[PDB]
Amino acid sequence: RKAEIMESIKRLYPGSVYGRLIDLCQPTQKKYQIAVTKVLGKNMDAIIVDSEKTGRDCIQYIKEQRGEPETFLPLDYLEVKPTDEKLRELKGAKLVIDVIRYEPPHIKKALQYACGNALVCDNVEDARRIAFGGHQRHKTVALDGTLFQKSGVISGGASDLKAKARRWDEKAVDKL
């Protein structure tokens, strides 16, 4: 039911409601699905909109149709830092944003918000060495979803992240 409540607010504010972030972007390869799932977090279910007023406007719409509440990412005044270009020269790592493709070019600011300068590495020992092994710390994620924060916090659990990385392939068109 939330699919066509979603389709209804897109036709109610054309140009203003871009859609759910999972529908607006895709990881470039399947190997990156779990890592992108982990880094994006709850933002992959965020409805990206132009402005915060239209976010509240769609809040009032779903409030009127008994439907379950959703979260909205207003784009226009997003607190976001520019992507650190120099990190592309880091051996063993590429940027998490550099590994997502996204539907319109406006959406890049939503990914910059959700990824920042997070890096994806091919294995845990690489992610650990890039995160903590240098003088500057980096936010890194390995392919199994193990994430290393700059604060030193580590998190993971690959089968729970695999069960929601399959969402990347199932929302791809129902052929029927």
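Position 1 is the first residue in the sequence shown; the rest follow in order.
As recorded in the PDB entry, 63 to 71 is the stretch of 63 to 71 and 126 to 134 with the greater mean C-alpha temperature factor.
With 8 to 16 and 155 to 163 compared on mean CA B-factor from the PDB entry, the stretch scoring higher is 8 to 16. Looking at the C-alpha B-factors along this chain, the one for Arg56 belongs to the highest third. Per-chain ranking of the deposited C-alpha B factor places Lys109 in the middle third. Among all modelled residues in its chain, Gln29 ranks in the highest third by Cα B-factor.
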